[PDB]
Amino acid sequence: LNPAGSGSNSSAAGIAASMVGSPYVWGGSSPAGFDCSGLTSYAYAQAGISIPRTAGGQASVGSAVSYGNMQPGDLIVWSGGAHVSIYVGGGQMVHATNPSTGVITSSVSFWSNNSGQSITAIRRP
């Protein structure tokens, strides 16, 4: 599964990457502070595409992507909505973690192997 990618996908990835270092804040969806679905929602809204506010809702939009076909901008939903990240290439994802670390870039593999969470959806708006 390698559905059609667009400028909005690569642009959402670039906006998310530029937000690295932003604070984590419960319910946040702006540069003042993001939660996990608020960062992905914000990145796509700024690229001109509205996606649902919750990780669970983000799991149903766009086209299904297979793991090996991930491209920058793909939304990775974890354990049915427990978490959401945005793929930025090189096996890395950008995501709002917790108040101690804020918005970071880290390994998809490390999170899948050690967080206790599993990828339940990979979507390409």
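For every residue, the number given is its place in the sequence shown, counted from 1.
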{"query": "101 to 109 versus 5 to 13 - greater average Cα B-factor per the deposited record", "finding": "5 to 13"}
{"query": "Residue selected from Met70, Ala47, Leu39, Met93 by maximal Cα B factor", "finding": "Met70"}
{"query": "Third of the chain, ranked by Cα B-factor, where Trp26 sits", "finding": "highest"}
{"query": "Within-chain third of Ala32 by Cα B-factor, per the entry", "finding": "highest"}
{"query": "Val84, C-alpha B-factor rank within chain (lowest, middle or highest third)", "finding": "lowest"}
{"query": "Modelled-residue ranking by C-alpha temperature factor, third containing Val65", "finding": "highest"}
